[PDB]
Each structure stands twice: as structure tokens, then as C-alpha cells.
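Residue numbers (the working numbering), protein chains in the order written: chain A, 581 to 697; chain B, 33 to 245; chain C, 38 to 149; chain D, 76 to 126; chain E, 935 to 1043; chain F, 1101 to 1269. As C-alpha cells, the structure follows; a few thoughts come after it.
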Amino acid sequence: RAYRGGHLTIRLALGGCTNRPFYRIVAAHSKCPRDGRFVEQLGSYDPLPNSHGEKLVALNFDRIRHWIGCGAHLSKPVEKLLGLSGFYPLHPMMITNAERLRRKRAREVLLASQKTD
Amino acid sequence: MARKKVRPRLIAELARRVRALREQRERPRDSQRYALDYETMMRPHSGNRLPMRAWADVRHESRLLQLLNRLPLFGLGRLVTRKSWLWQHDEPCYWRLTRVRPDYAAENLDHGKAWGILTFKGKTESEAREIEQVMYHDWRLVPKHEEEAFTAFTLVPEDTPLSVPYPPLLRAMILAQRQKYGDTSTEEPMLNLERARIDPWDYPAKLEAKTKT
Amino acid sequence: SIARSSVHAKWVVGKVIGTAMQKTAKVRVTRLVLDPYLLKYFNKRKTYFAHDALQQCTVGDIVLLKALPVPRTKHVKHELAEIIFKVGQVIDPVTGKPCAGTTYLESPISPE
Amino acid sequence: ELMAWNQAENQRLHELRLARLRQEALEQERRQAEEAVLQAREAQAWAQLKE
Amino acid sequence: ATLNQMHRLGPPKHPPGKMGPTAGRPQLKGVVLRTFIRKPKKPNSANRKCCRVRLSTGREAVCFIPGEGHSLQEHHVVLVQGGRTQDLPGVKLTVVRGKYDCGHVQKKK
Amino acid sequence: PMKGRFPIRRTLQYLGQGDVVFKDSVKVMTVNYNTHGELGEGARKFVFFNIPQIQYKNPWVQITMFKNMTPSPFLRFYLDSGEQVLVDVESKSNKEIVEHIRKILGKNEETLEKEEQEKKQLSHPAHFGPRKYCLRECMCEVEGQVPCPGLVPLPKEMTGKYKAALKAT
RNA sequence: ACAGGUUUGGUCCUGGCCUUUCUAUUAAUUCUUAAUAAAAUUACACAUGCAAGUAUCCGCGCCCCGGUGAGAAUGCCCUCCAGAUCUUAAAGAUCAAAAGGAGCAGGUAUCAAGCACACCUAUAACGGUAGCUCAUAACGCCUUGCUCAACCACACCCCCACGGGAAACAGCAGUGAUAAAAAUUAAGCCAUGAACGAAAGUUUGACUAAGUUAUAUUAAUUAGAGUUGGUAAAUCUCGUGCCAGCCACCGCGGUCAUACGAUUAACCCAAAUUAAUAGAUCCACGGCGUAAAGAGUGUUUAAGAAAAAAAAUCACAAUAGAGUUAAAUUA
RNA sequence: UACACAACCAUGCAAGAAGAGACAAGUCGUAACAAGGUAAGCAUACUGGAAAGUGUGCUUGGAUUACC
Ligand SMILES: [Mg+2]
Ligand SMILES: [Mg+2]
Ligand SMILES: [Mg+2]
Ligand SMILES: [Mg+2]
Ligand SMILES: [Mg+2]
Ligand SMILES: [Mg+2]
Ligand SMILES: [Mg+2]
Ligand SMILES: [Mg+2]
Ligand SMILES: [Mg+2]
Ligand SMILES: [Mg+2]
Ligand SMILES: [Mg+2]
Ligand SMILES: [Mg+2]
Ligand SMILES: [Mg+2]
Ligand SMILES: [Mg+2]
Ligand SMILES: [Mg+2]
Ligand SMILES: [Mg+2]
Ligand SMILES: [Mg+2]
Ligand SMILES: [Mg+2]
Ligand SMILES: [Mg+2]
Ligand SMILES: [Mg+2]
Ligand SMILES: [Mg+2]
Ligand SMILES: [Mg+2]
Ligand SMILES: [Mg+2]
Ligand SMILES: [Mg+2]
Ligand SMILES: [Mg+2]
Ligand SMILES: [Mg+2]
Ligand SMILES: [Mg+2]
Ligand SMILES: [Mg+2]
Ligand SMILES: [Mg+2]
Ligand SMILES: [Mg+2]
Ligand SMILES: [Mg+2]
Ligand SMILES: [Mg+2]
Ligand SMILES: [Mg+2]
Ligand SMILES: [Mg+2]
Ligand SMILES: [Mg+2]
Ligand SMILES: [Mg+2]
Ligand SMILES: [Mg+2]
Ligand SMILES: [Mg+2]
Ligand SMILES: [Mg+2]
Ligand SMILES: [Mg+2]
Ligand SMILES: [Mg+2]
Ligand SMILES: [Mg+2]
Ligand SMILES: [Mg+2]
Ligand SMILES: [Mg+2]
Ligand SMILES: [Mg+2]
Ligand SMILES: [Zn+2]
């Protein structure tokens, strides 16, 4: 529909199943609904691991870099998937979250060590 | 769209003219528009409360026009700085006032709009720009005997690498793209950083209308 | 070369209906439309206003219309390019001789 | 190229048409040579009757 | 009909179903105005229990009370359906057994 | 169908089997033929048979027939550039007109292949969505991934109710 | 449609109605637990709670998501795009208003005429032509969201919203009235989308995870409903006696009722089974002497077929005028 | 600022008028079906409690039984 503003954004459309998510990485308007109209579907992300224990992430890089060079904004999970794939640099939020997880482990090991004695 | 039985809606077009007349006739003056209740931190005009992080700089500092109303020619050619700039940027960042237009409706004369020349981190811009965030309570005035001392800045070169290695997958994309064409060159691909210079969040953005060329 | 027309009918061939308007010809363009049920093509007519700056086309002329780059009015969006067949005065485009229906007015075997 | 080829085929068919029209013209002259001698007989009998 | 006539007339479309006595609704809640007895047509012979009711749409219609024996007086709220009785001419509604004021058929004890 | 002389020419197969695709320049086709004489028999059979086959695959090209106007049958193509392509037909047969028109102004097999090869690109096999545009709707139906809880119930350790019941205690 | 029942003493043909198939709502009877999907009477009026915030002030967003189908035959599809937004030096990309049109597009012609709906000059003023649409359906009337990754329209009403009624849930929950129609006045932003901020981060009745509901499917922890004359699977004994009553059509009941009510038995479905109402499907590429249909006749317009060649015109009561009377009858 | 302003229509009710149809047993005739006892019917006009009768043309959806 006609909008007053908005911008092209590569995001994840949560079109899936109950207790079973499945994201469609699409490039849509920022004023459009999540599962609504889009311009062109890029890829697909399966959050749940399959029988082989792999989270299937599918990226159409040839259209992703085209829309990025045309001016498409990116979301935080999209940049996270690109950083995990290696098409984009690793996100500072992923780096700091891994550091925080390491600090939580470093606190829990000392707590479990001081609990036994 | 275009139909033979469309109706000539005149009220919708009359209300546009009425609202456009009201916008300029009942245009709120900036003196009462930027007013502030220093006890509850609430704007009397709009009705919004200031953020929690701005409560100290309102009660302990002053704004630009509040220290510019006590100047002979409203500070022509004078330099004004900001507390946040003096706190974060060790480099001299000031504003060379070229023209000031205060609001005459104010009873204390502490509001107005001005233009000037911006020198952020020593870099002097040779274009005239309107000064931004005048109603902010962070402006500070530098005396006359320090006008030459505060401007003393050492132009030092930057140490940012001019070329950065590509991400792994994108680098392998070029390593496999140029290989199929018969290019035996094993040179490492680099990513340019010249046109990727970005200004920090403290850099004020222009307010003038951008002209399409 | 910035001269475009938003209409779909870039070039059309039709018959002249009326010439009562000054410097304007009323052309009836007939196309073939498929019947969704009978699967047969039937003749669908359509009225097109054309500008005749010379006022030369009469009722019954098979005329070609070209899309005007800008519509002069809300009804005149075409212009007369060439009168393909004048009523009663037909020139055979293959032999170049005047013909009256099926009979030749001047036989092409007599050059002189 | 295709437009020039079409023009050449049109001119070839035009020459064949001219030859056919000349043959039909001669056949028409033969028909005139039959109808003139029939009408010359049919004319004089009516004039003799009216005389 | 030739092809030109069939193209000029278009393909035949089926007509929409005309609304019956229930105005397209499955059921209708109406108040019983008068309970009486009607007689069937020529071959059959009986005394059918009917009632004139005022439907929720404001229309006053005749319905037929099925089953053997009923306790229905005036000012009784019943639910009628579009069941048409074959023996009674003009009666095209039937009272639903097991509703507000029309209980089920009781067994003779 | 049953009504008509040749009922076969009023079917989707006969209209789809005609391989004549004009170029993007062709706009108008004026066919001028006669209804008498043994010469215009091929043009009359062309108007009777192949005109619907050309008009089916060229819906935007105007086609206009004129009867008993000129002594010689002909075609006249009006292109977008303004060029008028005059075609003479006096003793040509029905098939010769089709092959001559496809030779002068048509689309080659190499031209017709790439258009459908580019149209095929629109439907991507890796995309997901409705059955009208894509091949798969719920990623659950992939043989390796997690089944579709509308078909196979999920285990107890994976449901959000059990997760919020563990988070409660 | 692979069809079947039904017109009559009987047969054939034409011809309508009903049955057999699938789906949705409501009602009745019955009912055990889970998972998934969906929650649908109301454009009638709303108590109460929440649903737009972010931020070193400015600013940016604030029917965007979400809701509804009242109006509009609205519209589907296709060109051109002003304008808005994102990154850049320009240029690019998204939404795309308005202007239109190859074509398509509900019923009704018992809506047949509309009544100014057109054109040229050169300027954005005067003037002159007498036009324009329409049986290929104009102009009217009635009904309706839709062709669905979606699109269109509305936001209390006066089509609009300066102004006037007048204090607005067609946001999430809930409440009155109404109706055959009955989800929680519940928890969170952990995941995604959106808004803000340079950012850690915040908000979000969108959404996520739950609660209720046999509306639908599946698994089993569950067994009741309908029917038993023909169509159409399946009945034994009693009671009534054209009464009570039954039926979708044929029809059954007046003294041995396999058709009513009860019992036995049997058949088909099954946590569902029937009833009602809506649907999907279904009329004519068939016919016109006797069943409905050849319009009382000829000519012409629009429109259509000219697909191979031939022909036009002769006794007798056509018709329109003027004149006359053999038989009979009568003043 | 100067004019028409419920004129025009839609939804219900209506004193009343008229028609059609259904409803197993009424009164008065016997019109049609058999040359239905005057052969039927069409258009039209008049008349009559009623079916109907008659006049002028028309049709056989009637016969004239066929060396009569
Ligand atoms: Mg869901
Ligand atoms: Mg019944
Ligand atoms: Mg009950
Ligand atoms: Mg009968
Ligand atoms: Mg219910
Ligand atoms: Mg704010
Ligand atoms: Mg919506
Ligand atoms: Mg309307
Ligand atoms: Mg644009
Ligand atoms: Mg547009
Ligand atoms: Mg009428
Ligand atoms: Mg509606
Ligand atoms: Mg409004
Ligand atoms: Mg409301
Ligand atoms: Mg609201
Ligand atoms: Mg609500
Ligand atoms: Mg309530
Ligand atoms: Mg419900
Ligand atoms: Mg309730
Ligand atoms: Mg309830
Ligand atoms: Mg209840
Ligand atoms: Mg909450
Ligand atoms: Mg979130
Ligand atoms: Mg967050
Ligand atoms: Mg169920
Ligand atoms: Mg029964
Ligand atoms: Mg018995
Ligand atoms: Mg039965
Ligand atoms: Mg029984
Ligand atoms: Mg029929
Ligand atoms: Mg008949
Ligand atoms: Mg006749
Ligand atoms: Mg008649
Ligand atoms: Mg006379
Ligand atoms: Mg006398
Ligand atoms: Mg009689
Ligand atoms: Mg007799
Ligand atoms: Mg009689
Ligand atoms: Mg008698
Ligand atoms: Mg008689
Ligand atoms: Mg008789
Ligand atoms: Mg009569
Ligand atoms: Mg008489
Ligand atoms: Mg008499
Ligand atoms: Mg007879
Ligand atoms: Zn699934």
C-alpha cells in the first residue's frame, strides 16, 4: 500500500509454525507488516537443528549485495547471520555477548569450586 | 483513480487552507516553545519531561543565549563551546558566531537562532552553517584573553589503516572469481577505507535545505 | 528524444465516422477480442478522436492515427498520420494505380 | 536486410502479375472480337425488321 | 442459437437461491401467539397441531409442532426451523423440540 | 465445439499451436483481401485459419481486415518506428503466407528460447511461501528438518509451556 | 454424473422437483485426554485496565502495526510517474499520489435516450464552429468488498471536516442492547518486526508462550447418535385404528402397520450423529409441425457471410382510378 | 453574498376496491370431451345469473364413411 515514508530493509519474516519458528529472510519496506508484502525473498533461516544437528541458513548473496548497494538497511539478526556466515564482519554485540558468557562461566566455576569445600 | 462519477470535494481543500493559515498565524513563538520548568523538568508548551541524564546540566549550566544576552554586539566573531565537547573532546571545538537573531518576545532575552562557523576537533569548515541545539544547557563562553590560547591545536596525522582485509567468505569470493578468468595473481585483496570516513555522534548536522544538483 | 505517450495505442488504423468538429476527426478503431467461452474472435469497436490540422479526411476514410506525445484535451490524444484509403478514391499500394473496388480504373499494362 | 528482401519478392511478384495481366488482356481482346461479330448480326436484323 | 447470438447473449448464469420463510437463517426465535389445529389435504386425515407465532424478524407466521403431545400456550418463546410439512398447505416452519418453552417429547408412563 | 464449419479452430490447442510471435516493433497488421477470384484463395484461407493463431500470441497487435477494396490481396504492417511493410499475396498458399511473415517479421527460435528461460528464473526452487508461487510452504515438510507439529507432536522438552514451567520453579 | 425416484390403465418423447457427493454456521442428543488450525451476529452504545515511546534538552515516530467491510460496481491488469524515504558527490533503490487505457469486469433495457456531457486560434483573454455519449447498452435503479505472497475503502456522523451535531474501543481484553450466533477485563518483550538512541539499552494488547471453545484434522486413554417400505444398507412382537402420528420425493395409517409409538434384532457412522440454513456443483455449442419457441408482411441502417461456377422478364384472378351490366331481387 | 428549501423517492400502516390460488361432500344450470346431442376454436362487436349465445371473416387442432 501507499506509505508516507519508510525504507527498504532486509529482515526476517517470522512465517512459520507454533513452537517451531522458520524465518524468511526477505527485503521489504520498513512500514510493511512482518509477514506482509515484500519486494524479493533472499533466503531462509531454520532456527531448529535438524537430524544432523545443523541450523540451515540460506543466503542469496548475489541479491543481498545488490540490495545493499541499492540502499537496503539491515537488522540485528540479519547482521548476526551475515557475521556468522562470514559475508560481513562479526558484530560487536556477538563479541561482547560471547565475552559476557565467558565471564558467567568464569563466575560459575569459582562458585562451584568454593561450594564443594 | 479516474472515474466519471467523482465528486468535487471542496471542504477537504478548504480545510487545507484553513490549517495552513493557522500554522503561520498561531505559530508558537520559540520563547514559550522552549520554556522549561526547572523544578519538574517539564516543558510547559509541549508537555514532555526531560530525560534523566539531562537533569544535572540543566540545573548546573546555562544555554547559549543566556550568556550571549550580556554581550555588546550579541557576540560577533566570538567563540562558544559546549560542556560535552570540553568533556569528551580534548581537542578544541568551538563556534565562531557570524550572526545572531534573538527572539524579541522574550522578557529575559534568553532565546534565539544564530549562525556561525564550526571548527570541530580543529578542522575548520569554510562554509556558513546554522548553529544547532541552541536551547541546550551546555554552552560555555571563553574569555577574551584565551581566544588565542584555546585555539592552539596541533595538527597530528591519523593512524587509521588505509586498507583492511576482507571478511573470509567475501575474500574467497574474489579469490574464486578472479581465478576462473585465468588470473594467476596471488595478491592479497584489500578493502579501501578512504571514502568510509564517518563523523562521530557529537558532530552537529546541518539544518539548511539540501539543494538537489 | 523526450517524447512519450502514456496510452497503449501507439499506432492504430480506423475508419472516419464524423467530421462535424473543426480540425478533429472521429475515428472508429476495431480490434479482435477473444471470447472466453466461445473461443472465437469478435470485432470490438472503439472511438478515437484525432486531430486533422488540414481538415482533409472525409466520412469513410481508412486512416492511421499516431499517439500524440501530449494530449491536447481530455478526449483528443491522437493525430492523423496518413489517409491509408480514401473513400471512393483508392490507390493500389502494390501497383500504384487507382482502383474502383476490384476493377482497375487505369490498367498497369499501359505505361504510356 | 529482411525489408530489402521483401521489396525484392514484391517486385518479382509484380513482374509475374504484369505477365498474367497481359495474357488476360489478350483473352479480353478475343472476347471483344467475338462479341462485336455477334452484335453486328443482332443489330442488322432488328433494323431490317423495323424497316 | 448461432455463435453471434450466443456471444451477444453471453453464457447463462445460474440464478441466486431465493430466500425462504426463515429469511436465510437456520433457526428463528419467536413468541407463540395462538395455538390451534389444522387439517391435512384430501388423501390424508388427521388434526395437526399448529401455532401462529411472531418471529424475531417481526413477521407473523404459522408453524407446526412435531411429536405427540405438547405444552405450548400464548406468550411462549420457541425456536422454529425451516422444516416444511408436506400435508399442511402454507405451513413452512417447524418448532424445534427441546428449547426454551418447547420441551422434548415425554414418554407416556 | 459443434457449431461452425471448422470447429477445431475454436479450441485452445489450435490457438496455441500457432508459432508466430511478432517483434516489439509490430503494432498494426492490415490484411486486405477479396472474396472472389481463384487467386485470393490463399489469403481467404489465411484469414480463415491463421488469423486467430496470430492474434492469440499477439494480443497487443491490432489486426484489421478489409474485404473487396483493392484488386490484389496484400498485408500492411505498421511498426513503431513508422516503417510500413507492404506484403503482396496473389497466388501464395495458406502456409506460404505464414512462413513468409515469420521470415520477414517474427521471432527466431533462439529469441523465443531466452524469453522463457528468463521467465523460468522468476520461480526459485529455494524460496518458500504459498503453493501458487513457491514449492514449499512450511519448512517442516523438508525431510531432514523438524516435523510439522500439526502432524507430528513435538516432544515435551521443547515446548514453551514446559519451558515456562521450568522457569517458574 | 456411471446416475436413480417421480407425470400415466399402460408405452415412448419432452420436461420440472427430489435423492445419492463435499464444505461452513446454528439447534437438538451425546461426550474422555492431548497436539495443530480457527474463533465469524452487529459501521448499535460503552463502565474499567492496558495498547507510543526513545533521548544529555533539540528532534524523530505517534491507523506505522493492528481493526473493520459501512459506502462504492466499486474494480482486475497495464503505461507514465509528481511527491515522500535510505546511502551517496552526482546518480541509484522502496512506497508510489494524481493522469490515464490494449483488454477484462454483478443484476436489470419494465433504466432508451442523457441534457452541454465537444472542437479550433493564440494566449492562458476575447471569439467562432454545433457539437459529445449511447441497443457493441450511454444516462439511471438495486445488491455487493475483492480477481488474495495481496489489493481497495473507512476510522462517531454530516461522501470531505474549516465548521455543526457531540464527547466516539470498526486496537487488546471485557460490558449493555440485539441476534439462531457467547475466547482471558491473563504473562512477558526471551525469539522476530516496528520506533528511538552513537551505544549498552527501553517501549511495544504487534508478536511470542499460554487460558477457554468438539468448529476442523490426527493419535489414542473414549461410546453414543441416526436409520431399517422404494430410491437406499438393514425389523421381531405388541398397542392405536384416516385418531394418535410419520415423510427429502413417491407416499403410509379405517382391525394381522417390516412406513405411527414401544421392545427385540439388524445396518451405517462414530466423539461425534442428525435437523435447518447457506454454499461448491448443476440450464442451451440443446431446440422452434403436433410438447416452449419461425415473431402477420415486405424494404432498409448497423453488422455479418460472398469460401467453385451459373441467373435476370413473359398466357391466366396483383394494385389504383374512370366507364359499363347478364341473371336474381325490389320501390 | 442571492434563491428552492420534503418538492422527488424508499420503508411500514390504512378506511376500502378488485383479482388469483388453495381448501375430501353447498346452490343453480350443463358449456367442453362422442357430428357431447346446435361440430369446436381464433380476432372482434353486442347480449345474457352463469357456464355462454349470436353476427362478420378465418382455421381443422371435425366428419361427409371415399368404383357413392
Ligand atoms: Mg500462529
Ligand atoms: Mg419435515
Ligand atoms: Mg433443550
Ligand atoms: Mg400427464
Ligand atoms: Mg453452538
Ligand atoms: Mg519525544
Ligand atoms: Mg485489513
Ligand atoms: Mg449505489
Ligand atoms: Mg518517483
Ligand atoms: Mg501510480
Ligand atoms: Mg414493471
Ligand atoms: Mg455492503
Ligand atoms: Mg469521515
Ligand atoms: Mg464505534
Ligand atoms: Mg481508535
Ligand atoms: Mg475488543
Ligand atoms: Mg453482552
Ligand atoms: Mg461461533
Ligand atoms: Mg452468553
Ligand atoms: Mg453462553
Ligand atoms: Mg446455550
Ligand atoms: Mg504484560
Ligand atoms: Mg523484539
Ligand atoms: Mg530489544
Ligand atoms: Mg470435530
Ligand atoms: Mg421416524
Ligand atoms: Mg398390530
Ligand atoms: Mg423412511
Ligand atoms: Mg417405527
Ligand atoms: Mg431444455
Ligand atoms: Mg407451439
Ligand atoms: Mg410464417
Ligand atoms: Mg400474433
Ligand atoms: Mg376507390
Ligand atoms: Mg329505393
Ligand atoms: Mg357450443
Ligand atoms: Mg348428433
Ligand atoms: Mg353439452
Ligand atoms: Mg341441447
Ligand atoms: Mg356442441
Ligand atoms: Mg366434438
Ligand atoms: Mg369469441
Ligand atoms: Mg342473442
Ligand atoms: Mg336472433
Ligand atoms: Mg377431433
Ligand atoms: Zn510446520
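For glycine and all other residues, C-beta sits at the position ideal for the given N, C-alpha and C.
Check                                                                                                                       : Outcome
Closer than 7 Å to ligand 2: residues, by C-beta to nearest heavy atom, in chain order                                      : E:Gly1017, E:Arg1018, E:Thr1019 and E:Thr1028
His1010 of chain E, enclosing beta strand (DSSP E) - first and last residue                                                 : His1010 to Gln1015
Nearest residue (CA-CA) to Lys1145 of chain F, options F:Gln1184, F:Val1198, F:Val1185 and F:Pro1225                        : F:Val1198
Every unbroken alpha helix (DSSP H) within the region 114-173 of chain B, with a cutoff of 4 residues, ordered by chain     : 115-120
Pairwise C-alpha distance: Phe998 of chain E and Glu1257 of chain F                                                         : 59 Å
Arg95 of chain D - containing alpha helix (DSSP H), residue span                                                            : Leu77 to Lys125
Continuous beta strand (DSSP E) assignments of at least 3 residues falling wholly in the region 1145-1182 of chain F        : 1162-1167 and 1174-1179
Closer than 7 Å at the beta carbon, the chain F residues around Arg68 of chain C                                            : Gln1162
Environment of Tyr583 of chain A [buried if 16+ CB atoms lie within 10 Å]                                                   : exposed
Assigned exposure category for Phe970 of chain E - 16 Cβ within 10 Å defines buried                                         : exposed
Neighbour flag for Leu223 of chain B against chain A, beta carbons, 8 Å                                                     : no
Beta-carbon proximity list for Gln1015 of chain E, same chain, < 6 Å, skipping 5 on both sides                              : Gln961, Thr1028 and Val1030
Where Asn224 of chain B sits in the DSSP three-state scheme                                                                 : strand
Per-residue burial, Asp89 of chain C [other beta carbons within 10 Å of its own, 16 or more giving buried]                  : buried
Residue environment, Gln1162 of chain F, which counts as buried when at least 16 other CB atoms sit within 10 Å             : buried
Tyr78 of chain C, DSSP secondary structure in three states                                                                  : strand
Residue-chain proximity (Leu88 of chain D, chain F), Cβ-Cβ < 8 Å                                                            : yes
Runs of beta strand (DSSP E) wholly within the region 619-697 of chain A (minimum 3 residues, chain order)                  : 620-625
Cβ neighbours of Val132 of chain B in the same chain (closer than 7 Å, five flanking residues each side left out)           : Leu100, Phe106, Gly107, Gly144 and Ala146
Stretch pair the region 1172-1191 of chain F + the region 1137-1151 of chain F: three plus CB contacts closer than 8 Å      : yes
Alpha carbon of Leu101 of chain D to alpha carbon of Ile1204 of chain F, nearest angstrom                                   : 36 Å
Distance between beta carbons of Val50 of chain C and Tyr1178 of chain F, contact taken as under 8 Å                        : 7 Å
Coarse secondary structure for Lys47 of chain C, derived from DSSP in three states                                          : coil
Interface partners of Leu77 of chain D on chain F, CB under 8 Å                                                             : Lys1203, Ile1204 and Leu1205
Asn81 of chain D, buried or exposed, once every other Cβ within 10 Å from all chains shown has been counted against 16      : buried
When B:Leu103, B:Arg161, B:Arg35 and B:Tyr235 are compared against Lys242 of chain B, the one with the closest alpha-carbon : B:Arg161
Rounded C-alpha distance that separates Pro60 of chain B from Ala137 of chain B                                             : 11 Å
The region 600-619 of chain A: positions lying closer than 8 Å to chain F by Cβ                                             : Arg600, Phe602 and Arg604
Alpha carbon of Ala686 of chain A to alpha carbon of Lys695 of chain A, nearest angstrom                                    : 14 Å
Three CB pairs or more closer than 8 Å across the region 59-75 of chain B and the region 87-101 of chain B                  : yes
Under the three-state DSSP convention, the category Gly1260 of chain F falls into                                           : helix
Test: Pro199 of chain B CB closer than 8 Å to a CB of chain A                                                               : yes
C-alpha distance - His1010 of chain E paired with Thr956 of chain E, whole-angstrom precision                               : 19 Å
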